[PDB]
Amino acid sequence: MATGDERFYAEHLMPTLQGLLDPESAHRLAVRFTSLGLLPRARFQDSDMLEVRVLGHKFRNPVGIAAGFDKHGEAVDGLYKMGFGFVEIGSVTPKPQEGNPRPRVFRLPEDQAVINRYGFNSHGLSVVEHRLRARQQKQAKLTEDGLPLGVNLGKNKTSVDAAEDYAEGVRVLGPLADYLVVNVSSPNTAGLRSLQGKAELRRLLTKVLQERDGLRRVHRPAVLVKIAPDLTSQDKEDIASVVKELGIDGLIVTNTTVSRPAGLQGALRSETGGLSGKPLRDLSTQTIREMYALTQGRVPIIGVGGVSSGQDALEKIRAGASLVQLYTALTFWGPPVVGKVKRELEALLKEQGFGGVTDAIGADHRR
Ligand SMILES: Cc1cc2nc3c(=O)[nH]c(=O)nc-3n(C[C@H](O)[C@H](O)[C@H](O)COP(=O)(O)O)c2cc1C
Ligand SMILES: CC(=C/CC/C(C)=C\Cc1c(O)c(Cl)c(C)c(C=O)c1O)/C=C/C(=O)C(C)(C)O
Ligand SMILES: O=C(O)c1cc(=O)[nH]c(=O)[nH]1
């Protein structure tokens, strides 16, 4: 019906449909089509070389969908069908909220970048809870079969106590997640990034971990903190210190950037919001490299930001990522980008003498 070529989607289908629809409508349609399974079932069969064991789980391949694509947990099964080794939904806030006024998402095709200022539009914990409960046992089997689920938590715009927002997310969605993400790095909620500060972070994560440890064993997720690419060296040292002090299970590195790298060409480069895609790529990779060294390679990292190829994935893995995610590449290349990243990553691992993804994790640090 629509299956299923790399060049066709990249050269013809995606540029045409982008020319027809504003970015938010395009996203909604993508979510709808994905959730109905109106995609080719990915033809790439994952080799054993791509398997990774981390965070108390087996991951059939190390390529996941980043938070923000499926904010409300509507397309999880369709995303596994697309070939992702793991799915992260969210960010989800405790109460439903509409997010920022439109327009709030912008394409920069000359930069293969996106700028967004959604501001945590979210159906809320209760809606997402029911959505996930309706397939909880199916997810238990997928997880067992190497396809884990992450749930990314945010906070409401008008909440007084941020820590109580994240605590409520742990209590409600923690029992449905293989891992939870404390998202303290959205650039689109006022004051949120200040929660990355040493004292605020320590207090917030102590409470998050207390809540998590009170869940029954079979419903007890790993806890990860998702961080910005715009941190000072001091901020990064402080995060690494808190992570090790508290026994945080992992880091997601990185969210979108509020910087605007010299050289951006897109007409919309000066829109407010987080920048994603290719201009973020090496900034994200360098942040992974730093965080890996500061945590002595002992804290699993999910690397994210501008991944659109096997080389992009492998650079992050060698810099210290155990797993990678992508989002923005999907908006330019479409669904075929997933098999593309996996096939190229496998070829490059073979070319560089690695036995598998596991041998490559942090390899640059051992040179
Ligand atoms: C439109 C859009 C919405 C996003 N929403 C979220 C979100 O709700 N929570 C989150 O932690 N990250 C969010 N992100 C960030 C992505 O998860 C990822 O960290 C970032 O876009 C870098 O990856 P990419 O270059 O592959 O897109 C969003 C990104 C985009 C482009
Ligand atoms: C039939 C079809 C049309 C895709 C919608 C278009 C024209 C662009 C996709 C697109 C975008 O153009 C933009 Cl800007 C965003 C933010 C998103 C986010 O999901 C996005 O998916 C299928 C799309 C997909 O399967 C994916 C690749 C998931 O978007
Ligand atoms: O909802 C959003 O605005 C959003 C959240 C986030 O974590 N990152 C992002 O780029 N946008």
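Computed from the coordinates by the stated procedures, all read-outs in this text should not be read as laboratory data. Don't worry about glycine lacking a Cβ; one is built from the backbone with ideal geometry, like all the others, and counts go over all protein chains shown.
Once the Cα atoms of the stretch 129-239 are picked out, what are the Rg and Dmax in Å?
Values for the stretch 129-239 (Cα only, Rg and Dmax): 14.8, 44 Å.
List the pairs from 71/350; 58/350; 71/198; 81/141 whose alpha-carbon separation is above 24 Å, in the order I gave them.
Table pairs above 24 Å Cα-Cα are 71/350; 71/198.
Can you give me the long-range amide H partners of residue 180? Hydrogens built in the peptide plane at 1.01 Å from N, cutoff under 5 Å, separation of 5 or more residues or another chain.
151, 222, 223, 224
Between residue 160 and residue 48, what is the spin-label point distance in nm, taking each point 7 Å from the Cα along the Cα→C-beta axis?
Using points 7 Å along Cα→Cβ, the separation is 5.9 nm.
Just need log10 I(q)/I(0) for the stretch 1-141 at q = 0.18, 0.21 Å⁻¹, Debye formula, equal scatterers on the alpha-carbon atoms, no solvent, rounded to two decimals.
-1.28, -1.49
Hydropathy first: keep DSSP H helices in the chain averaging at least 0.0 on Kyte-Doolittle, then drop any whose Cα extent along the axis falls short of 15 Å, and list what survives.
162-173
Determine the calculated [θ] at 222 nm for the chain from helices alone, applying -39500 (n - 2.57) to every DSSP H run no shorter than 4 residues and normalising by the residue count; nearest 500 deg cm²/dmol.
-11000 deg cm²/dmol
Please compute the Cα-Cα pair-distance distribution of the chain with 20 Å bins starting at 0, giving whole percents from short to long.
Values per bin, smallest distances first: 32, 63, 6.
For the ranges 223-234, 156-167, 64-75, 5-16, what's the packing order if you count other beta-carbon atoms within 10 Å of each residue, average per peptide, and put the highest first?
For the peptides 223-234, 156-167, 64-75, 5-16, the packing ranking is 64-75, 223-234, 156-167, 5-16.
Which whole-angstrom value gives the distance between the alpha carbon centres of the stretch 45-71 and the stretch 120-135?
Here the two parts' Cα centres lie 22 Å apart.
Any chance you could get the radius of gyration and Dmax over the Cα atoms of the stretch 272-367, in Å?
Rg, Dmax (Cα atoms, Å): 13.1, 44.
Just want the ordering: 92, 76, from fewest to most Cβ atoms lying within 10 Å of their own Cβ.
Result, fewest neighbours first: 76, 92.
For the peptides 186-195, 335-344, what is the packing order when you average, over each peptide's residues, the other Cβ atoms within 10 Å and list the highest mean first?
The peptides rank, most packed first, as 335-344, 186-195.
Report relative contact order for the chain in percent, whole number only (criteria: Cα-Cα under 8 Å, sequence separation at least 6).
Working: 782 pairs, mean separation 67.3, N = 367.
In percent, rounded to a whole number, it is 18.
Please report how far the C-alpha centroid of the stretch 1-22 lies from that of the stretch 229-266, rounded to the nearest whole angstrom.
33
By what distance, in whole Å, do the Cα atoms of the stretch 249-303 stretch along each of the three principal axes, largest value first?
Principal extents (largest minus smallest coordinate, Cα): 42, 18, 13 Å.
Does a label point 7 Å from the Cα of residue 359, set along Cα-to-beta-carbon, have any residues of the stretch 310-331 with amide nitrogen under 20 Å, and which are they?
Under 20 Å, as judged by backbone N against the label point of residue 359, lie 310-324 of the stretch 310-331.
Provide, in order from the shortest bin, the percent of all Cα-Cα pairs of the stretch 164-214 in each 5 Å bin, continuing until the bin that contains the maximum pair distance.
4, 20, 30, 23, 16, 6, 0
Write down, largest first, the equivalent ellipsoid semi-axes of the stretch 189-282 in whole Å, where each equals the square root of 5 times an eigenvalue of the alpha-carbon gyration tensor.
Semi-axes, largest first: 31, 15, 12 Å.
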